[PDB]
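Quick heads-up: it's one chain on its own, the form deposited in one PDB entry, in C-alpha cells.
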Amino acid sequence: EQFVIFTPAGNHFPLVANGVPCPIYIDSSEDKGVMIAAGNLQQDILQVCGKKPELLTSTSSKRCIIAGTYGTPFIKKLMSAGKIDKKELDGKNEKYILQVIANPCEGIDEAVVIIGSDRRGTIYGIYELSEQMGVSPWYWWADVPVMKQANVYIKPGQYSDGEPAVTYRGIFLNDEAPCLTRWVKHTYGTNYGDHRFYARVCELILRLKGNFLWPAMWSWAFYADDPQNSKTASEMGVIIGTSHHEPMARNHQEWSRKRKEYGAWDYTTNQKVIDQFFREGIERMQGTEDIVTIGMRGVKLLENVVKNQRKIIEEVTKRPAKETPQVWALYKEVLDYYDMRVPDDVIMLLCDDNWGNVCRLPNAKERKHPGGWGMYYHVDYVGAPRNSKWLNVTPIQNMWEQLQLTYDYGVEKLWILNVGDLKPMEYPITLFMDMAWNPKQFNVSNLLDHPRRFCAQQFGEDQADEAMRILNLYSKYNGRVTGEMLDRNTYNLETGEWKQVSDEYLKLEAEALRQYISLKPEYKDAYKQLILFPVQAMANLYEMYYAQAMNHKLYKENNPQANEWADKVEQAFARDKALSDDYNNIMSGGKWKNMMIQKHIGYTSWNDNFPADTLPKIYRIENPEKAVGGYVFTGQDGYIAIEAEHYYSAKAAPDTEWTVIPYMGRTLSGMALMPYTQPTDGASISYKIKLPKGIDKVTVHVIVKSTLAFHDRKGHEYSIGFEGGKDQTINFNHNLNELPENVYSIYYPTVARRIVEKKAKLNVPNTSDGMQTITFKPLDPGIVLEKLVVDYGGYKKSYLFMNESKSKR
C-alpha cells in the first residue's frame, strides 16, 4: 500500500529531494481527464514541497513522473521498460500500476510510472500518489492540510489498488437546501451548481476513487444550468446520472420550470411531449459515459414507457439500447411491480430504507441479471419519520454491516450514496467509497482501521487513534437518535439514563477538546469540521434536552432547582447557535458559510416546516427564594437519601436563622443555624418522608460537617428522632481529638474526609402513618447538617450517601 516515504533513501525514487520536485511527463495523447489529474498533481506537489514541478514537453530528464493510460505504443514501450505484463492492465477496469522504473524510455534515466488500464485508472494512480504524498481527498472539502515535505521518495515495487469491486461508485447531492445551495451561492455567486462547483465535487469523487455523481436536483438542473457542467464532469472522468425519478438524462427541474408549457407529467396523455423531453436528454448525453435513468412514475404502462424509452435510446444513438447504460430504480411501487419485464442489460438499482438498511437484495436467480444490481444508500434523508439532515448520524458499523451484506448478495454494479450537502458526511462518504472499491478488505476485526487511517490522513499519525476513537463514538452516539428526533423524552430521566448519556457526550467533548487543543494549528479547521463540531453540537444538544427534562421534573416538584436547569436550557440553546456561527463564519475564515445552518431544534413533524431553531419550553419557579421547605420524600429501593436543604420545616432558636450554605459538603448543601455565637435551644429542622407502611425500624445516617469540639470540651450534640418517637442524642465529635485512643482510630481518618456520619437506629412510631417526620435538633452551635439517609434495607455505603431520593414540595 504505502509507497511514498518522506525521507531520502537509496534505490528510492527522489520525487522531491531537498525541496526540489522532479518533473512530470504526460504524453500529449492522454485524455484531458488525465491531464486535469496531472495538473492537480503538479499543484499538490507544489503544496507539499513549495516548488511546482515542470510539466515536460518531451521525454527528456534524468528522473521524472510519467503517467499514462494503457493502449498506446508509448505506454507499451514503457511497460516493457520494464517487465510489466500487458495482462496486468489489458481489459482491466479503473486499475493503475505505479512503479519506479529504470530507463523507462530513451531520454529518461528513471521514472515513477503510473499506468492506468483506462483513463480513470490513470487518474486514480495519480491521485493515489497525491494522497500518499499527503494530499487528502479532503484537502479542499474539509481543509485538511498538506504537510510540507523537503523530501518525498517512492519505494521500489509495483503498486496497484486493482480493480474496483463496484463498477459505479457515486454520491448524490441531495436535501441540498438550504445549506449547500446557500453555500454555493455564497461561494460561487450562482443560484445553481455551476461547473466550478461541480469541478470541486468531481475532483473529490475522483480523489476518493469514485466515478459517479447524481447532481443536486431540488432546484437545480445539472445539465441545463451550466452547459459546462456535463463537459466538466465528463472530461474529468466522472460519470453523471440522475436520481431514480429523473428519467432519460433530464433533470427534474427542467420539466418543473416549464410545467405550464410542458403540461402534464403523464405518459398516457402527454406522451409526444414527454418522449421528446426524453429524446433530448439522450441526445444531450451522447458523447458521455452518463447512465440513463429509465422508467417513470406518472404495469403494462410502465413496460410501455420503458419499451418506448429504449426505442428512443436506439433512435437517438442508432445503436441497440443495451449499449446505453441504464438504471431502473426499484424505489417503491416499482419494486412491487418487479415482484414485470425488465430488460437484461439494465442496472436494477435497489434502495435502502433511507436509514441505511437495505430493503431488498437479489436472490440467486436475480443475481444472474446481466445488467447487475445497484444500491442507493442514505446517510442523509428528508422524509419519514423525520429528516436527518443535520449531522452525520450513521454509525461506522452500520454502514459497514449493510454494505458488506450488499456486496455479498452480488450488488456490485452501482453504489450511490445520498450525502445530503456533502459536508458533514465526509467520513461516511470515504467509508462508502473505500468499501465500494473493495468491500472484502473490510471485516469486523479491521473495520476501525478505516477511520483510523482516515484520521491519520486528516489529522496526522499521532492524532489518528484518539480521533478515530471519538469519530467512532460520536457516530455511534448520533446513530442512537438523530438530533432532529432527539428531545427531552428520548432518554429515561428517572433511571439516570439521561444524565448518563448527557454526561457521556460531554466527556466525549472534553476529550475532543483536549485533542483539539493538542493539534498543530493547521489541523484545527479540519478537526473542527470532522470531529469537534459534531461532538460539541450534539453533546450540547443532549445537555439542552437533558436540562429541559430536569427542568420539567423539578418544576412539577415545585423545586426551585428547576430554575438552574432552565438556565442551562437557555445556555445550551445559545451555545447551539454559537457553535454553528463559528463553523459558518469563523472556522476556515468562513469558507463554509451556510453549510451549517440546518434547522434542528423545533421539529414537530417529519419535515423542517417550522421557521427557525426555537427554545425548548422551560418553566421557572417564581420567587425561588421563598420556595424553601415543604419537601416530602418518598422512599424507594429501601432508602431515603435526603439533602439537608430539602427540609419540610425548620424552627430556629432565638437570634438565629436556619441558613443554607450552598455547595457545602459532599453533595447539595449544608444547613446550619447561624450565627454560631448563639445557643441553639429549641431549634430543629424536620424532614417528611413516606416509608412503605409496615417498616418499623430505620437506621438514619446523619451527615454533618466534621466540626470539632471548639466551644465545649464535651463536644457537639444533636438529637435525631421521629415525631412521635424517642429522640436519640448523638455526640458526633467528642472523640475527634489527638488523644491516643482517638487520633488514628477515628480523628484523622474523619477530619480529612470533612464529614461525620453517625447512624441512629430509630423505631418508626406508627408504621401505619403515611408520612413520618424526622427531626434533627442541634444542641450545640456550629453544626452543619448536610445529609440524611433513612435506611430501611436499601442503603448502599456511598461516598456521596446515594442519589437523593424522590421528593416534591
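Heads up: residue numbers just count along the shown sequence, starting at 1. Rigid core here is just the name for the largest C-alpha set that superposes within 1.5 Å across the two forms.
Note that the form deposited in another entry isn't included here; everything after this is about it.
**Student:** For the core superposition between this form and the one not shown, please identify the residue among 597, 81, 668, 448 whose CA shift reaches 2 Å or more.
**Tutor:** Correct option: 81.
**Student:** Using a rigid core superposition, assess whether residue 219 undergoes a CA shift of 2 Å or more between this form and the one not shown.
**Tutor:** Result for residue 219: no, shift under 2 Å.
**Student:** After superposition on the rigid core, does the Cα atom of residue 54 shift by at least 2 Å between this form and the one not shown?
**Tutor:** No; residue 54 is a residue whose C-alpha shifts by less than 2 Å between this form and the one not shown when the cores are overlaid.
**Student:** Please state whether residue 739 has a C-alpha shift of 2 Å or more between this form and the one not shown, with the rigid core used for the fit.
**Tutor:** After core superposition, the C-alpha of residue 739 moves 2 Å or more between this form and the one not shown.
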